[PDB]
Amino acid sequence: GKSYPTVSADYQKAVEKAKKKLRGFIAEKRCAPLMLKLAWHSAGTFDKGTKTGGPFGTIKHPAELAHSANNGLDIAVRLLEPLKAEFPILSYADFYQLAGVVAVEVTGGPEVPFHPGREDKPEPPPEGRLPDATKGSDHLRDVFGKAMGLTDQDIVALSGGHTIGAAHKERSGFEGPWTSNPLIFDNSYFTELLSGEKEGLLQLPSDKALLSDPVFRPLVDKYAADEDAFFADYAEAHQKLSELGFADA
């Protein structure tokens, strides 16, 4: 149900050139997970009923950066600012979603389709829309389903984003990577989730909540068994996430 806006040939050229620059920068700086988090925290605030929040560049606002969920994202914003300044024609909205897409690609994940044209909006959403790591399945459906408008399948596939990166006791309070290979986009998140606790690896209560749900569980199993199927469903869910409220939501 999307109708994507026309952007100029110059705009498209800058997308292509920014995409390449983002690859080099993110790979060199080893900051793919942080950039994926930046894109997800930008998009994940969308509320379908009121058409507020979502991926519209507001994550750069000091006010949204002050949200406790967004601990450490000021680093992400700061890291990208010099690069963004090379592409003044692009919206921050687009640039940050493009960073997220590139973060997934340079760690070896699926190629998430990208459509330009998000406008930078003046008002950040209110604080408190991002999911709570201590809650379970009901909460996840409230946030991803009732607010964002994504599916149960999208919830499980997107949770797989934890295949890269780590928690930090100074940010959330949780600590350590979900996987043994936290700069590699693979289905290891689901394998580790299933096998139970292992020394040095993290599971949030929100990850554990996927195991006990009658709908989430079969998807955890599917993705653990079949990384191709994970990649397919992940690319679908990330695209929808990155486009919430955009070109029709």
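A residue's number is simply how far along the shown sequence it sits, counting from 1.
Relative to its counterpart among 46-54 and 22-30, 46-54 has the higher mean temperature factor, C-alpha atoms as listed in the PDB entry. Averaged over their C-alpha atoms, the temperature factors of 62-70 and 219-227 are higher for 62-70.
Take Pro116, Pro110, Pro82, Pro126 and read off each C-alpha B-factor from the entry; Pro126 has the highest. Sorting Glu105, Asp138, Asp94, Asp154 by the CA temperature factor given in the entry leaves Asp138 at the top. Annotation for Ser8: C-alpha temperature factor in the middle third relative to the rest of the modelled chain, per the entry. For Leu204, the recorded CA B-factor ranks within the middle third of the chain. Only modelled residues enter the ranking.
In the deposited entry, the Cα temperature factor of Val77 places it in the middle third of its chain's modelled residues.
The PDB entry assigns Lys169 a C-alpha temperature factor belonging to the middle third of its chain's modelled residues. Remark: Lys37 belongs to the lowest third of its chain, ranked by C-alpha B-factor as recorded.
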